[PDB]
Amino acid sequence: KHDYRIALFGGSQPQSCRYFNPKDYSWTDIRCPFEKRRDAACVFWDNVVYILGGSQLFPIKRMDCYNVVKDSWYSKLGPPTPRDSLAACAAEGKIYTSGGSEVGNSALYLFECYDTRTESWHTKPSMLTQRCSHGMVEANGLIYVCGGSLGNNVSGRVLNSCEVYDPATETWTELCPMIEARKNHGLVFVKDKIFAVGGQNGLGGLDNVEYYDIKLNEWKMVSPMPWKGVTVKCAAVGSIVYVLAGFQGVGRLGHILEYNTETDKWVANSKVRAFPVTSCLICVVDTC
């Protein structure tokens, strides 16, 4: 039936896009004929990885799509509002995009979705708080956003706030804020909890890790990562959270980190090197 991989996208150089296979710890090349984007987002739905937003010399208006089963690429028109440091996720055949920055605006409230059936874009109700470099994840049909930043690096701030959008009601609801303000953190749904992993805030990088208890509307700290940096590229398969790349501040994450959500134990895997493109896009794919 299901056959999961974690896909990392980092441009068109050799070995710059790869699948990680959690079952055998292997890395396998994905051919990609598109150059790296700065500060884009990716999302997986129904055999397709969508790469959207970000910039090169200018803001990119095209969405590049990788069909994982056919191993082929195609392109559609991207979000109506090109922007950097947006977040994306998928729910029930729609690709949602939130926040990010344009030229002349540190952070947006904007929320736009792409209907994969009709191949059309639609503006949806805006977030309660504008944000860039935030996480966004789908969980049980709801779309959760947390952290990110607004303003610049002098007078701006990194956020602990969390909010949830219900596509059924088209409403955003403010939730309990995270214990830590975070941007560039991992954000993954496992079972009944949403883990916020590392990242950074105004005071530096973060090794710590917390989760959102959906039932209790509370955040709780768990064990910290063995590595303290400023960005993480994270994905969960089954009960394990994998940190497959990250920027430390000076260097990069060298070997992958694995978190067992059931035992609250981290290990750094000395036999498996981390992805060397720290600004890569990451998502979980099903290859079935």
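Just count from 1 along the sequence shown to find any residue number.
Relative to its counterpart among 168-176 and 87-95, 87-95 has the higher mean temperature factor, C-alpha atoms as listed in the PDB entry.
In this entry, the higher average B-factor at the C-alpha atoms falls on 148-156, of the pair 196-204 and 148-156. Per the PDB entry, 238 shows the highest C-alpha temperature factor of the residues 238, 229, 224, 254.
By the numbers in the PDB entry, the CA B factor is greatest at 112 among 163, 210, 112, 218. Among the modelled residues of its chain, residue 107 has a C-alpha B-factor that falls in the middle third, as given in the PDB entry.
In this PDB entry, the Cα temperature factor of residue 123 sits in the middle third of its chain's modelled residues. Placement of the Cα temperature factor of residue 62 within the chain: lowest third of the modelled residues, per the deposited record. Annotation for residue 129: CA B-factor lies in the lowest third of the chain's modelled residues. When all modelled residues of the chain are sorted by CA temperature factor, residue 117 is found within the highest third.
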